[PDB]
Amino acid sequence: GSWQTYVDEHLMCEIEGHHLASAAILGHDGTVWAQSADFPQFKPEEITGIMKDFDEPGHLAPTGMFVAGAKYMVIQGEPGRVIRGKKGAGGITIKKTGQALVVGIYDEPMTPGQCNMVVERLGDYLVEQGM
């Protein structure tokens, strides 16, 4: 399927020696359009907090951001468009499109530049598609 190929041959691609640990494309309601093998199960409250942070940035920063019950420290993101979090050497990037969330989870520091920025680039592409 189109959405599975976006995960397996765009988001999960090894780039400059590094690959996401996991990735998925979800609806604004947290429905899984497509996902990687080790992608975590979000809780509805977690998706609601992410969505509230996109509507009003700074919502998640004081308490942190939870993913399958794992705490992530909110770090700088693009307001209303991207939410970034850090846990240990890894982190999470969430890009919001008109109809979807693109999610990438990393276990290791990525290379500098846009080469590894697969979550943001796929989200930009779907937005230009009107999705």
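Numbers for residues come from their place in the sequence shown, where the first is 1.
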| property | result |
| --- | --- |
| 90-98 versus 63-71 - which carries the larger mean C-alpha B factor in the record | 63-71 |
| Top Cα B factor in the deposited entry, candidates 108, 16, 120, 9 | 108 |
| Residue 104 - which third its CA temperature factor falls in, relative to the rest of the chain | lowest |
| B-factor third for the C-alpha atom of residue 85 within its chain | lowest |
| Third of the chain's Cα B-factor distribution that residue 35 belongs to, per the entry | lowest |
